[PDB]
Each structure stands twice: as C-alpha cells, then as structure tokens.
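Protein chains in written order, with our numbering: chain U, 303 to 351; chain X, 18 to 92.
Note that CB positions come from ideal geometry on N, CA and C, so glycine has one too.
Below: one structure, written as structure tokens.
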Amino acid sequence: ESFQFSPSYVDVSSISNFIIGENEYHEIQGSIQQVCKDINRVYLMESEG
Amino acid sequence: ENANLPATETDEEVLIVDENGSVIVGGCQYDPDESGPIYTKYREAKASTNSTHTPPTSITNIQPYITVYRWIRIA
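In structure tokens:
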C-alpha cells in the first residue's frame, strides 16, 4: 500500500523493501508416534519432503 | 529330462537351510509394532528354474542334409 512507484528504479532489489510478504509463522500439527518401543528416542526432521 | 542337465550352480551366493549356519533366523522377537515393513520371505525350499516348461527347445540333430531321391532296384 506504500511505495509510490517511479521510473529510474532499475534493479528489483532497490525497491524490494516494498513487497507483500508473510512475515513467516509457526504451527504445530504434531502428536508424532513412536518407532520401535521408544517414544523418547524418536527424532523429527521436516523438509520439502 | 532332469538327468539331462549339466551341473548347475547359480552365481551369486544364496542362503539356504541348515542346522549348521552362521545366519540367525530368529523365531520370535519384537515385532511389537506390526507397523515396521513386515518383509517375510517364504519357506526354505527348492527354487524352480524355468519351471514353466518341461518341454524344452528340441535341438535339431538333423545335420546338413540334401534330400536325394531313392528308388531302390527291385533287382
């Protein structure tokens, strides 16, 4: 909503300050489960996979 | 027929039954979670080669042969 544009803006990086974004965030979607018998010994890795 | 067969052995080293072996089977365990991939190969047995057919390819024992006419002399 800010950013009155002009010409003479040359590289996107220069005005990249004004772009709409998600500010990031965090969610849960947890509760996991156990592998083998050990609930403490589990690990968690989230990725593209 | 089976007795027509050279002495066959399959190349890469395969496991078989014995009472003497190094490989522990296990007869029981934790398989507490059924959730593990349950990979159970079946029993120790005889492995069928080309079981699909007893009637193999029958190699011609005809040798290079020009059929030539034969009318035998009655006398």
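Can you pull out the residues from the segment 46-60 of chain X whose beta carbon lies closer than 9 angstroms to at least one beta carbon of chain U? Listed by position along the chain: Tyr-47, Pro-49, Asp-50, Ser-52 and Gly-53.
Rounded to whole angstroms, what's the CA-CA distance from X/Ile-55 to X/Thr-27? Just pull it up for me. About 27 angstroms.
Close beta carbons around U/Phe-305, own chain, < 6 angstroms, minus the five adjacent residues each side: Cβ neighbours of U/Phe-305 within its own chain (closer than 6 angstroms, five residues either side excluded): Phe-320.
If you follow the alpha helix (DSSP H) that U/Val-344 is part of, which residue opens it and which one closes it? Counting along the chain, U/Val-344 sits inside no alpha helix (DSSP H), nor does DSSP assign it H or E at all.
Looking only at its own chain, which residues have a Cβ that is under 7 angstroms from the Cβ of U/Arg-343, when we skip the five neighbours before and after it? Same-chain partners within the cutoff: there are none.
State the beta-bridge partners of U/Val-312 as determined by DSSP. Looking at the DSSP assignment, U/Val-312 forms no beta bridge with any residue, so it has no partner.
Identity of the residues DSSP links to U/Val-337 by a beta bridge: In the DSSP assignment, U/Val-337 is bridged to U/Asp-340.
Helix, strand or coil at X/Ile-91 according to DSSP, with G and I counted as helix: In this structure, X/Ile-91 counts as coil in the three-state DSSP scheme.
Nearest-angstrom Cα distance between X/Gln-46 and U/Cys-338? Between the alpha carbons of X/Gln-46 and U/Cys-338 lies a gap of roughly 12 angstroms.
Look up U/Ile-317 in the DSSP assignment and say whether it is helix, strand or coil. In the structure shown, U/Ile-317 falls within a helical segment according to DSSP collapsed to helix, strand and coil.
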